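Written below as structure tokens is the structure these notes are about.
Within every chain, numbering begins at 1; the chains are lettered A, B, ... in the order of the sequence lines, protein sequences first and strands thereafter.
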Amino acid sequence: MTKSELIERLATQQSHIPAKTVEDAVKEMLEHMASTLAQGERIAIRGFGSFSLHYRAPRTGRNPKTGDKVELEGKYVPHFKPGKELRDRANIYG
Amino acid sequence: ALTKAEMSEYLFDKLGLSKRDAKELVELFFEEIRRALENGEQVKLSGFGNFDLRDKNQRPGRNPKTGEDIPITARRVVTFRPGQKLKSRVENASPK
DNA sequence: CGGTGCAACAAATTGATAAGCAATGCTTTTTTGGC
DNA sequence: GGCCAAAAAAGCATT
DNA sequence: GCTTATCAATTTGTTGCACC
């Protein structure tokens, strides 16, 4: 399911909110989440999961294609942790 | 942290939606992603990232407190692979 | 709009096993905006 | 909403 | 080829948000 397909599925369901409105809403929510992380803030949606930033220490990496060394500075990367309801619903196994 | 309430507040201010629909749109948004995942479908949100399902076989685990070896059961889990766009926007963030 | 209670949530802990990634050009998918 | 070509993003290689 | 994440069971302290 792509972002646009998500919009269509939402649009359909509740025929009481304009399709265009749902399009704008979904795009706005994702920007809100993205900007929140870019601002260094966490995301906490009970039953879905939480997003935070994990630190990666500076290091001497490599261009894996050429083997050349490359100096990488410290940085932050997004991390997502599934909430209970999402874990359970997604886990088909016992 | 960003919460459902805050997200609804933003939809109210930015798009002028009713506080009732803003609240419902947010819940529908996350539910629709959950539904797709419980259905085994990959969710790819361009500009943000992908939520993928991985089937993990059983493996060795234990009770960290004590040490009693306990097998981590087989399970299908949800992982998130942030896209490059989001990765760039965040690489130089500063935890508040 | 606001107060409250509590299931869901963060952090800690150990160690075998699994997942993810540095650079970058080419390919493929998804989005975008006009009709 | 569909079409279509151009752009943006992602996918691949290997990541 | 090396680094980071996954997870077990259990406790302590915290919080999103449904319900009044």
> Quick one: do B:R34 and B:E27 make a salt bridge, cutoff under 4.0 Å?
Replying inline: yes

Counting the atoms with a prime plus P, OP1 and OP2 as sugar-phosphate, which does [X] contact under 4.0 Å by heavy atoms, base, sugar-phosphate, or nothing?
X: A:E85; answer: nothing
X: B:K19; answer: nothing
X: A:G47; answer: sugar-phosphate
X: B:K85; answer: sugar-phosphate
X: B:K87; answer: sugar-phosphate

Of the nucleotides [options], which one has an atom closest to the side chain of [X]?
X: A:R56; options: D:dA9, E:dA8, E:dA5; value: E:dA5
X: B:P64; options: C:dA23, E:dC7, C:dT13; value: C:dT13
X: B:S46; options: D:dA9, C:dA23, C:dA18; value: D:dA9
X: A:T2; options: C:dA22, E:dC17, C:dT30; value: C:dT30
X: B:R59; options: C:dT30, C:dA18, C:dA22; value: C:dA18
X: B:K23; options: E:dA18, C:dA10, D:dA10; value: E:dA18
X: B:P60; options: E:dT10, C:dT17, E:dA5; value: C:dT17
X: B:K65; options: E:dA18, C:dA7, C:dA12; value: C:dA12
X: A:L72; options: C:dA22, E:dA5, C:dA10; value: C:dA22

>> Using Watson-Crick or G-U wobble geometry with both distances under 3.5 Å, which nucleotide pairs with C:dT32?
In response: D:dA5

>> Does the structure show a Watson-Crick or G-U wobble partner for C:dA7, both distances under 3.5 Å? Name it, or say none.
In response: E:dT15

[atom1] atoms of [N] and [M], separation to the nearest Å:
N: E:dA8; M: C:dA18; atom1: P; value: 16 Å
N: E:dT11; M: C:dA16; atom1: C1'; value: 25 Å
N: E:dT6; M: C:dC9; atom1: P; value: 15 Å
N: D:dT15; M: E:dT4; atom1: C1'; value: 14 Å

Give a yes/no answer on whether the side chain of [X] brings an N or O atom under 4.0 Å of OP1 or OP2 in [N].
X: A:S50; N: C:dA10; result: yes
X: B:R54; N: C:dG20; result: yes
X: B:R75; N: E:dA8; result: yes
X: B:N50; N: D:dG11; result: yes

>> Between C:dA12 and C:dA11, is the stacking condition met, i.e. ring centres under 5.5 Å and planes under 30 degrees?
In response: yes

> By sign alone, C1'-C2'-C3'-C4' of E:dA18 puts its sugar north or south?
Replying inline: south

